[PDB]
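What follows is a single chain, given as structure tokens, in the form deposited in one PDB entry.
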């Protein structure tokens, strides 16, 4: 139902919402619902198992939550998405995605992402990245991971949010270790790298074709940031070194 905005060509911060008391975390809306609801999950290393819900941006900024959800498992890293009333997250130190129904507060499904690497981060690196990242876009729900079969390079799969069937899988050429964030727009994978920071690689799943690109991120962006795209409003939902902000996006023709 969402029309593709085009090929991403620019990124800039467009709203500062508040400074959180947690350095890292993730936040997002449910793009499949016409709703002001906001979902918020601060990252506490190896202890993350609650989701907070706010009814509006005003309530969010003011710190007036509606409710909290106690998740049935702990979450790996910062990642989660909400898609048509269901929460999806990577179960801590597994290659599993959990589906949790928010309305009834119970787990409705799990899917093992075949061959996905997990619990394999070098001792030295910041542990806030999820082994399997989730992303929502115009085309549906996505998992972004790596496999040994693809030499630690990023693999993309489309996941049906209702049946949990894998609908397609693509091997990219990009080493997952080199990425700070990855997100989908119109079925195209954008990968953010350190240089400053920029998108330097895209993978178009419709075409099964990748390219090198150069889209600078703001200087204030850090590696430890969490970034999620929203296809309903075409914004990036960002959590960056305590700061809860949105980025706006400029597009050119596909």
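Think of the rigid core as the biggest set of C-alphas that the two forms share within 1.5 Å after superposition. Numbering follows the first chain given and starts at 1.
Form deposited in another entry: not shown, discussed below.
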TODO: Please find the residue from 160, 178, 121, 115 showing a Cα shift of 2 angstroms or more between this form and the one not shown, rigid core superposed.
DONE: 121
Open item on the list: With both forms fitted on the core, check whether the Cα of residue 188 differs by 2 Å or more between this form and the one not shown.
Closed with: no
TODO: Taking the rigid core as the superposition reference, indicate whether the CA of residue 201 shifts 2 angstroms or more between this form and the one not shown.
DONE: no
Task: Core-superposed C-alpha of residue 221 shifting 2 Å or more between this form and the one not shown - done: yes
Task: Inter-Cα distance between residue 221 and residue 184 in that other deposited form, nearer or further [3 Å or more] - done: farther
Task: Direction of C-alpha distance change in that other deposited form, residue 221 to residue 158 (at least 3 Å) - done: farther
